[PDB]
Structures are given as C-alpha cells and as structure tokens.
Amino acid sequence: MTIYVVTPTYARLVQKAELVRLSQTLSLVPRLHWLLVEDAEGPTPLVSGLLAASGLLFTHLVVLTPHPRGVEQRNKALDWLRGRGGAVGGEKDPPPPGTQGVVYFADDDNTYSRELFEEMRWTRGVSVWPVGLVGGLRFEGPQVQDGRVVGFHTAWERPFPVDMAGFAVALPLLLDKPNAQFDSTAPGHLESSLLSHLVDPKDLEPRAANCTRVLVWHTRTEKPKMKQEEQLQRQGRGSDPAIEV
C-alpha cells in the first residue's frame, strides 16, 4: 500500500529547515510518494534541489495562491492523482486508474512519528487519529466506543472537527468522488469541505489504538528575528545571498 503525502510549502526563512526535517522523517517510511506542492510563481531551485537530493520518491508540483492556506496547492496534488497532469519534477506520471493507495495531507511544519504512517496504510475509506497540540488542547481526537467513532474531543465549534494532520483517505475513494476537494473559500472547516464529499463522520476508521495514542503533533515554528541582518545589510555586510538557508 503506497502512501501519497501531499505537502503544500512556501518560501520563508524557515522553509528549508522545515523541509529538511520533514523529508528526513519521510525517508524512514517505505512505499511513500511525496507530493510536494510549492505555493510559488514557479519551481524554486531550493525546493527542486532539496527534492533531487532527498532520495525520496516524489512528484514536484507548483501553483500560486494570490484566510485558509495550502488549499490550491493540495487541490493541485489531487488533480495530479486524478490524471490531470501538472508535474514539474519527479515522477510525472500519476498512479494508473484503479491503483490502490492512501492519501495523507501533511503540512510542512507538523511533527510526524514514523508509526503514524503504518497506521494509515490499512485505510478502507477514511481513517482518523488524535493530533497533539492543536485546537488549543493537549490533543484533539475522535471519541471511540467499541472501535467506533461516537464523537470528537474538540473545543472549537463542524461535522469533521479534526485537523488536516488527523486523517487519511483511501485513493480509490478519492478517484470515485471526482468532485471531492478542499474549498478555498471555507474558513476550521477546511477539512470538512473535503471529507463531506467522501464519508459520514460515523464511518471514520479510528486508528492509533482506537485513538488512544498521539502519533502526530501540530508543532509550529517561530519566525526568526532578523534585526541584526537588516543592520548588517545597511552596512553592505548582509549574509551572502548566494548561500542558501
């Protein structure tokens, strides 16, 4: 079972760092295909280079978003999976029709345990699991009773009150529902805008030992202070722009 990891990314100071640790984590997972989609005007040498040197099975996609982020990027990754092309690097050919697999939307700053991926390979339709440090809670996750989702441990308002990092979708189910995609105009409702097109919340498949284990965390990275850089810039002694960071 191949896991297709859809990751939207964009240029900012910590981008490479984020992509370095994420790709390093992904290199630990077998049968994984990374669909990295840049939110840019064109492919950046930084991303293209990072990908070429990652040694991972990947497909490079690009699409600019002129409010929810990473939407147009994730939707383009979906278009590719549905055979509508759009690849600028890596494996240009999408999985053939009727190919088995599972799609997982992994943002570039979260922390993913390697165990997480083994949990989602068995996804029939859509599976769910708790996500740590998100929604203002220690963890947010499905309430399970006798192996069935009977509710959700959440504090914010949503038929699918789960974070992007808390679910995976079987590839066949996404191909069967050609219209299923994220709504770029959807506010906490991004995840639902996709899932509503696929399953009923009561049919979600709980993983992570019936949602008793946190295997992914919604970590965020601090924005680096650049006061000293600006100062050195004024003196014409800024950090060499030819040295990538």
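Throughout, we count residues from 1 along the sequence that is shown.
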**Request:** Report, from the record, the number of residues in the deposited sequence between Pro66 and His67 that have no coordinates, as none, 1 to 3, 4 to 9, or 10 or more.
**Result:** 10 or more
**Complete:** Counting residues of the deposited sequence that sit between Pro30 and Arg31 but have no coordinates, the total is none
**Request:** Decide which of the stretches 224-232 and 12-20 has the higher mean C-alpha B-factor, going by the entry.
**Result:** 224-232
**Request:** Between 83-91 and 112-120, name whichever shows the higher mean Cα B factor according to the PDB entry.
**Result:** 83-91
**Member of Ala180, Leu61, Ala52, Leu46 with the greatest C-alpha B factor (per the PDB record)** = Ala180
**Prompt:** For the listed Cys211, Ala186, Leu57, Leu215, which has the peak Cα B-factor recorded in the PDB entry?
**Reply:** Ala186
**Asked** Can you tell me which third, lowest, middle or highest, the CA B-factor of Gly125 falls into for its chain?
**Response** middle
**Item:** Lowest, middle or highest third - CA B-factor, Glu191
**Value:** middle
**Item:** Chain third (lowest, middle, highest) by recorded CA B-factor, residue given as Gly151
**Value:** highest
**Asked** Going by what the PDB entry lists, where does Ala40 fall on CA B-factor within its chain: lowest, middle or highest third?
**Response** middle
**Among modelled residues of the same chain, the CA temperature factor third for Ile3** = middle
